[PDB]
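Asker:
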Amino acid sequence: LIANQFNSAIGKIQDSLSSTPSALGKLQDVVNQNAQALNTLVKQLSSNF
Amino acid sequence: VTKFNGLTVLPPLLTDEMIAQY
Amino acid sequence: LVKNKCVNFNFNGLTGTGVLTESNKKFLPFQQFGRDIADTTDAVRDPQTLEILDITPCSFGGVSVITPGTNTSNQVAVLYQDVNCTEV
Ligand SMILES: *[C@@H]1O[C@H](CO)[C@@H](O)[C@H](O)[C@H]1NC(C)=O
Ligand SMILES: *[C@@H]1O[C@H](CO)[C@@H](O)[C@H](O)[C@H]1NC(C)=O
Ligand SMILES: *[C@@H]1O[C@H](CO)[C@@H](O)[C@H](O)[C@H]1NC(C)=O
Ligand SMILES: *[C@@H]1O[C@H](CO)[C@@H](O)[C@H](O)[C@H]1NC(C)=O
C-alpha cells in the first residue's frame, strides 16, 4: 500500500507539473528578471541623457 | 522553462549534463 | 559587396560595423531597416538588390590566461572567450 501511494504521488507530481503553467514560477521569475535587467541596460543606450 | 553591445553570457562551468549526473 | 567579413557598412546612413551574411528572413517591400527586441539594427536590405543581409557584431570577448603557479611553471594557455578561432 505504501509503495502504491508513493508511485501514485510521483505520478500526480508529474501531472501537476505538466498542467499548471506557473509551476516553475520562481525559476521563470529569476530568468525574466535577469532578461529584463539586460533589456533595460541595452535600451538605456537609446536615451539622450 | 523558456543584443551584443559588450555583453557576454559566460557559460556555466557545470553543463546541464553533469548537473543531471550529480 | 563584401560578406562574411567584418566591415564598416554605410547603407544610406546605417553607419554601423559588423559581419554581413545572407538572410533567410523575408522583408516587406517597403521595409528597409531591421531591428531586434532591444531596438538595434539586425538586418539591412541591399539598396541595389533584393538580398537581405544580417548584421552580426564583430566577434569580441575577453582574453583569459590559464597558468599554473609561477613556481610550478612559466607556460601559459590563452582562452579567447566565445570566439571562433578561425578569426583569432
Ligand atoms: C513503475 O511504476 C510507474 C508508476 O508510477 C510506471 O509508470 C512505470 O511504468 C513502472 N515501471 C516498471 C513497472 O518497470
Ligand atoms: C541593378 O543592380 C545589379 C547589382 O548586381 C546590377 O548588376 C545591375 O546592372 C543593376 N541594374 C539593373 C537594371 O539591373
Ligand atoms: C607552488 O606553490 C603552491 C602554493 O604555495 C604549492 O601548492 C605548490 O606545491 C608549489 N609547487 C612547487 C613545485 O613547489
Ligand atoms: C567556427 O567556424 C566554422 C566554419 O566552418 C564552423 O564550422 C564552426 O562551427 C564554428 N564554430 C563555432 C563554435 O561556431
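Residue numbers (UniProt numbering), protein chains in the order written: chain A, 922 to 970; chain B, 826 to 827, 854 to 873; chain C, 533 to 620. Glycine is no exception: its CB is placed at the ideal position from the N, C-alpha and C atoms.
#1: According to DSSP, simplified to helix, strand and coil, what is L858(B)?
#2: Given this structure, state the Cα-to-Cα distance separating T618(C) from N603(C), to the nearest angstrom.
#3: Here's the rule: buried if 16 or more other CB atoms are within 10 angstroms of the residue's CB, otherwise exposed. What is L938(A)?
#4: List the endpoints of the continuous beta strand (DSSP E) containing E554(C).
#5: Taking 8 angstroms as the CB-CB cut-off, is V963(A) touching chain C?
#6: Report the rounded CA-to-CA distance for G550(C) versus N856(B), giving the unit in angstroms.
#7: Report the rounded CA-to-CA distance for residue 987(A) versus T573(C), giving the unit in angstroms.
#8: Could you say which of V597(C), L585(C), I569(C) and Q613(C) lies nearest to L546(C) if we only look at CA atoms?
#9: Suppose you measure from the CA of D578(C) to the CA of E554(C); what does that come to, to the nearest Å?
#10: According to DSSP, simplified to helix, strand and coil, what is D586(C)?
#11: Can you name the start and end residues of the beta strand (DSSP E) that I598(C) belongs to?
#12: Go ahead and pull the three-state DSSP assignment for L966(A).
#13: If we ignore side chains and look at the alpha-carbon of each, how far apart do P600(C) and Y873(B) end up?
#14: If you run the structure through DSSP and keep just helix, strand and coil, what is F565(C)?
Answerer: Taking the structure as given:
#1: coil
#2: 33 angstroms
#3: exposed
#4: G548 to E554
#5: yes
#6: 12 angstroms
#7: Lying before the first or after the last residue shown, residue 987(A) is absent from chain A, which here runs from 922 to 970.
#8: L585(C)
#9: 11 angstroms
#10: strand
#11: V595 to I598
#12: helix
#13: 28 angstroms
#14: coil
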